[PDB]
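Participant: Sending over a structure as structure tokens; questions will come in a sec.
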Amino acid sequence: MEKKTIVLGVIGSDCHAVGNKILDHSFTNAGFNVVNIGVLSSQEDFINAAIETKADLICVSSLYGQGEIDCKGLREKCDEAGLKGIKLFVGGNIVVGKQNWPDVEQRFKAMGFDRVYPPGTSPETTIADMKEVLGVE
């Protein structure tokens, strides 16, 4: 519930000249276990890194570099049910497009067990990482 295993990949909370801050409210945040999963999103190799964290909040700020394969890879990590991380947060996802976004996650977000980060993340997004992923918002 009050899980302390947040793992972030690819881009993320660093601040890629967002012009806000550094985005130090996702790193430690609640002083929980801060671990990096790595680039790409490769859920299979990150299953071995799930032994490490065993992240409840599996986030990858992968701009479709994960692909719809590895997107459906984390659906299989949930549908694994062996390893937790039923709640994912799909950072980036596509590019600039929220209001009337693609048919990609129109159907994949139909289930949308995960949330999505805007094309210009803020910690308002990770306010929701730690919110909905504790259990509910």
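Identifiers in this document derive from the order of the structure tokens: chains are assigned A, B, ..., residues are numbered from 1 separately in each chain, and ligands are numbered from 1 in order of occurrence.
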Neighbours of residue 18 in chain A within 9 Å (only C-alpha atoms; same-chain residues fewer than 3 positions away dropped), as a compact mmCIF listing (two decimals) with N, CA, C and O atoms, in the first residue's frame?

Facilitator:
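Contents of selection_11.txt, as written:
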```
# COMPACT_ATOMS: atom_id res chain seq x y z
N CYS A 15 14.81 16.99 -15.36
CA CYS A 15 14.43 18.29 -15.88
C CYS A 15 15.35 18.49 -17.09
O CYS A 15 16.52 18.83 -16.96
N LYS A 21 12.16 23.47 -12.41
CA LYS A 21 13.14 23.27 -11.35
C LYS A 21 14.07 22.16 -11.87
O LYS A 21 14.54 22.22 -13.00
N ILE A 22 14.33 21.16 -10.98
CA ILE A 22 15.17 20.02 -11.30
C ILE A 22 14.26 18.77 -11.26
O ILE A 22 14.60 17.72 -11.79
N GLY A 120 5.32 17.43 -21.42
CA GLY A 120 6.11 18.36 -20.62
C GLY A 120 5.72 18.08 -19.17
O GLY A 120 4.86 18.74 -18.60
N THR A 121 6.41 17.05 -18.62
CA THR A 121 6.14 16.62 -17.26
C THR A 121 6.61 17.69 -16.29
O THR A 121 7.47 18.52 -16.56
N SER A 122 5.94 17.55 -15.14
CA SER A 122 6.13 18.36 -13.96
C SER A 122 5.98 17.30 -12.84
O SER A 122 5.72 16.13 -13.12
```

Participant: For residue 77 in chain A, work out the shell of residues within 12 Å, counting only C-alpha atoms and skipping chain neighbours fewer than 3 positions away, then give it as a PyMOL selection string.

Facilitator: chain A and resi 42-48+50+54-56+58+70-74+80-88+113

Participant: Do you know which residues are at most 12 Å from range 95-99 of chain A counting only C-alpha atoms, after dropping those on the same chain fewer than 4 positions away, and could you put them as number ranges by chain?

Facilitator: A: 61-65, 90-91, 103-106, 115-121

Participant: Among the residues of chain A, find those DSSP assigns to alpha helix (DSSP H) from the backbone and print them as a ChimeraX atom specification.

Facilitator: /A:45-52,67-71,75-78,104-111,129-132

Participant: Let's have the selection written as a short mmCIF file (atom, residue, chain, number, x, y, z; two decimals), in the first residue's frame, with N, CA, C and O atoms.

Facilitator:
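Result file follows (part_7.cif):
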```
data_model
loop_
_atom_site.label_atom_id
_atom_site.label_comp_id
_atom_site.auth_asym_id
_atom_site.auth_seq_id
_atom_site.Cartn_x
_atom_site.Cartn_y
_atom_site.Cartn_z
N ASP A 45 14.11 -7.89 -19.10
CA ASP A 45 15.39 -7.71 -18.43
C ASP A 45 15.13 -6.90 -17.15
O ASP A 45 15.92 -6.94 -16.22
N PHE A 46 14.00 -6.18 -17.17
CA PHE A 46 13.61 -5.34 -16.06
C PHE A 46 12.75 -6.20 -15.10
O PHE A 46 12.22 -5.68 -14.12
N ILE A 47 12.66 -7.52 -15.41
CA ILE A 47 11.95 -8.48 -14.58
C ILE A 47 13.03 -8.94 -13.59
O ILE A 47 12.75 -9.27 -12.44
N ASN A 48 14.29 -8.93 -14.11
CA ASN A 48 15.44 -9.30 -13.30
C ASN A 48 15.71 -8.11 -12.36
O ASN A 48 16.21 -8.29 -11.26
N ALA A 49 15.34 -6.89 -12.84
CA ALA A 49 15.51 -5.69 -12.04
C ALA A 49 14.25 -5.53 -11.16
O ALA A 49 14.17 -4.60 -10.37
N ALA A 50 13.28 -6.46 -11.33
CA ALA A 50 12.09 -6.45 -10.50
C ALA A 50 12.44 -7.32 -9.28
O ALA A 50 11.74 -7.32 -8.28
N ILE A 51 13.57 -8.08 -9.38
CA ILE A 51 14.01 -8.88 -8.25
C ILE A 51 14.70 -7.88 -7.30
O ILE A 51 14.63 -7.99 -6.09
N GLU A 52 15.34 -6.88 -7.96
CA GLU A 52 16.06 -5.80 -7.31
C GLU A 52 15.04 -4.97 -6.52
O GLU A 52 15.02 -5.01 -5.29
N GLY A 67 7.71 0.39 -27.37
CA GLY A 67 6.91 -0.19 -28.43
C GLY A 67 5.61 -0.72 -27.82
O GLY A 67 5.47 -0.76 -26.60
N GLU A 68 4.69 -1.11 -28.71
CA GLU A 68 3.41 -1.64 -28.27
C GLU A 68 3.61 -3.10 -27.79
O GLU A 68 2.71 -3.70 -27.22
N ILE A 69 4.83 -3.63 -28.04
CA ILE A 69 5.18 -4.98 -27.67
C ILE A 69 5.52 -4.96 -26.18
O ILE A 69 4.95 -5.70 -25.39
N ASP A 70 6.48 -4.06 -25.83
CA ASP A 70 6.91 -3.98 -24.44
C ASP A 70 5.86 -3.21 -23.63
O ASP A 70 5.91 -3.21 -22.40
N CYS A 71 4.91 -2.55 -24.34
CA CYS A 71 3.84 -1.84 -23.66
C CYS A 71 2.92 -2.95 -23.14
O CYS A 71 2.40 -2.88 -22.04
N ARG A 75 1.93 -5.42 -19.45
CA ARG A 75 0.57 -5.92 -19.26
C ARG A 75 0.73 -7.40 -18.84
O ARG A 75 -0.11 -7.92 -18.11
N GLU A 76 1.84 -8.02 -19.30
CA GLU A 76 2.14 -9.42 -19.02
C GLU A 76 2.90 -9.52 -17.68
O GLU A 76 2.98 -10.62 -17.14
N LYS A 77 3.43 -8.39 -17.17
CA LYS A 77 4.15 -8.33 -15.91
C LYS A 77 3.12 -8.25 -14.76
O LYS A 77 3.38 -8.59 -13.61
N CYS A 78 1.92 -7.77 -15.15
CA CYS A 78 0.79 -7.55 -14.27
C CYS A 78 -0.01 -8.81 -14.25
O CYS A 78 -0.44 -9.33 -13.22
N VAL A 104 -3.45 4.60 -30.43
CA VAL A 104 -2.49 3.72 -29.78
C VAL A 104 -3.06 3.29 -28.42
O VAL A 104 -3.53 2.17 -28.27
N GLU A 105 -2.99 4.23 -27.45
CA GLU A 105 -3.52 3.93 -26.13
C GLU A 105 -4.99 4.35 -26.08
O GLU A 105 -5.51 4.57 -25.00
N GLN A 106 -5.67 4.50 -27.24
CA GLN A 106 -7.10 4.79 -27.09
C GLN A 106 -7.71 3.45 -26.58
O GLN A 106 -8.55 3.42 -25.69
N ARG A 107 -7.15 2.38 -27.18
CA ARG A 107 -7.52 1.01 -26.91
C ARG A 107 -6.63 0.47 -25.77
O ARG A 107 -7.08 -0.38 -25.02
N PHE A 108 -5.37 0.96 -25.67
CA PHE A 108 -4.50 0.42 -24.63
C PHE A 108 -4.79 1.14 -23.30
O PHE A 108 -4.55 0.57 -22.24
N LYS A 109 -5.29 2.39 -23.40
CA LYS A 109 -5.66 3.16 -22.21
C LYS A 109 -7.14 2.84 -21.91
O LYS A 109 -7.67 3.29 -20.91
N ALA A 110 -7.79 2.05 -22.82
CA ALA A 110 -9.18 1.65 -22.60
C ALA A 110 -9.17 0.87 -21.27
O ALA A 110 -10.08 0.99 -20.46
N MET A 111 -8.06 0.10 -21.10
CA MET A 111 -7.85 -0.61 -19.86
C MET A 111 -7.12 0.42 -18.99
O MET A 111 -7.53 0.65 -17.85
N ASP A 129 2.00 9.94 -9.30
CA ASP A 129 2.68 8.65 -9.38
C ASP A 129 2.38 7.96 -8.05
O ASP A 129 1.71 6.95 -7.96
N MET A 130 2.90 8.66 -7.04
CA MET A 130 2.82 8.26 -5.66
C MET A 130 1.36 8.31 -5.17
O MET A 130 1.08 7.72 -4.13
N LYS A 131 0.42 8.96 -5.88
CA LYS A 131 -0.93 9.01 -5.32
C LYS A 131 -1.68 7.70 -5.65
O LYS A 131 -1.94 6.87 -4.79
N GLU A 132 -2.02 7.60 -6.96
CA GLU A 132 -2.80 6.49 -7.49
C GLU A 132 -2.07 5.16 -7.31
O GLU A 132 -2.72 4.13 -7.23
#
```

Participant: Hey, which of A:31, A:123, A:38, A:92 ends up closest to residue 8 in chain A? Count only C-alpha atoms.

Facilitator: A:38

Participant: Might you pull out every residue within 10 Å of residue 1 in chain A, with only C-alpha atoms counted and same-chain residues fewer than 4 positions away left off, and present them as a list in words?

Facilitator: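 My list of contacting residues is residues 56, 133, 134, 135 and 136 of chain A.
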
Participant: Atoms to include: N, CA and C atoms. Write the selected residues as a short mmCIF file (atom, residue, chain, number, x, y, z; two decimals), in the first residue's frame.

Facilitator:
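File part.cif, as written:
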```cif
data_model
loop_
_atom_site.label_atom_id
_atom_site.label_comp_id
_atom_site.auth_asym_id
_atom_site.auth_seq_id
_atom_site.Cartn_x
_atom_site.Cartn_y
_atom_site.Cartn_z
N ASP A 56 6.46 -1.43 -7.49
CA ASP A 56 5.02 -1.32 -7.46
C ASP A 56 4.68 -0.25 -8.50
N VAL A 133 -0.73 5.23 -7.22
CA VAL A 133 0.05 4.00 -7.08
C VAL A 133 0.21 3.52 -5.64
N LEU A 134 -0.15 4.39 -4.65
CA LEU A 134 -0.12 3.89 -3.27
C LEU A 134 -1.24 2.83 -3.24
N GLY A 135 -2.32 3.17 -3.99
CA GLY A 135 -3.44 2.25 -4.09
C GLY A 135 -4.55 2.82 -4.98
N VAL A 136 -4.87 4.09 -4.65
CA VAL A 136 -5.94 4.85 -5.31
C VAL A 136 -5.66 6.34 -5.04
#
```

Participant: Find the residues around residue 7 in chain A up to 8 Å (only C-alpha atoms counted), leave out those fewer than 4 positions away in its own chain, and share them as a PyMOL selection string.

Facilitator: chain A and resi 34-37+53+55+57-59

Participant: With C-alpha atoms retained, could you export that selection as a PDB file, in the first residue's frame?

Facilitator:
```
ATOM      1  CA  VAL A  34      14.993   5.059  -5.442  1.00  0.00           C
ATOM      2  CA  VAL A  35      16.250   2.774  -8.214  1.00  0.00           C
ATOM      3  CA  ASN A  36      16.821   3.073 -11.946  1.00  0.00           C
ATOM      4  CA  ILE A  37      15.514   0.290 -14.148  1.00  0.00           C
ATOM      5  CA  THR A  53      13.227  -3.351  -6.640  1.00  0.00           C
ATOM      6  CA  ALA A  55       8.650  -2.035  -8.040  1.00  0.00           C
ATOM      7  CA  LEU A  57       5.491   1.833  -9.533  1.00  0.00           C
ATOM      8  CA  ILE A  58       7.160   0.675 -12.747  1.00  0.00           C
ATOM      9  CA  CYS A  59       7.754   3.843 -14.737  1.00  0.00           C
TER      10      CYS A  59
END
```
